[PDB]
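Single chain ahead, by itself, as structure tokens, in the form deposited in one PDB entry.
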């Protein structure tokens, strides 16, 4: 009595023939590399915690099980629960409402949920939309753990977002190549990014004022 295994097997073994595409025009099943897909579906966490899960279950699993951001680590090539849940999100293909909830409301309560949502958005969304959605969270300064060679190292949400926005490979996953932000700006699709701090000149003026006055 297990339709779940059948559905998963169907998704993994072939897609795009009977697969709805991501908003960026990619096929969700092939967004992550085949090798990594193998490492995930074979993994214990996938088999015991991702089996037949739901979008609600996604939040529950994130709170319960993810303690860091990472791809595949160690000699055994174990995929992080974070990565596995990302792959599951690729499977579930959640809509804008669910992503909105995860990111803003869930993200406010659970930082790793925001990290997951941001990752998924970078994976599945058009470049302009990705910049517009993710750039505000450069103001999110909450601490995150990232999986290193032994244990974990410290990073921050704004650093993770910046990585998503500026790097080709994140969490053992190749991110679809994007038009650079300056290209979008040149094409008038995007205005230049506005920092919460303001312009560099403004920062210089405030700095000079703070220095001149006694402090």
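Positions refer to the first chain, counted from 1. Take the two forms, find the largest set of C-alpha atoms that superpose within 1.5 Å, and that set is the rigid core. Residues that one form lacks are left out of the comparison.
Not pictured, yet referred to below: the form solved in complex with a partner chain.
Just one listed stretch, out of 48-56, 35-43, 170-178, 22-30, contacts the partner chain in the bound PDB entry at the 4.5 Å heavy atom level, and that stretch is 48-56.
Put simply, residue 134 is far from the partner chain in the bound PDB entry: not one heavy atom of it is within 4.5 Å.
In the bound PDB entry, no heavy atom of residue 127 sits within 4.5 Å of the partner chain. Contact check for residue 63: a heavy atom falls within 4.5 Å of the partner chain in the bound PDB entry. Remark: residue 121 does not count among the residues lining the partner chain in the bound PDB entry, judged by a heavy atom distance of 4.5 Å or less. Comparing the forms between this form and the one not shown on their rigid core, the Cα displacement of residue 149 reaches 2 Å or more. Wider separation of the C-alpha atoms of residue 64 and residue 151, by 3 angstroms or more, is seen in the bound PDB entry than in the present form. Under a 2 Å criterion for C-alpha shift, the lone consecutive stretch of 3+ residues that differs between this form and the one not shown after core superposition lies at 148-151.
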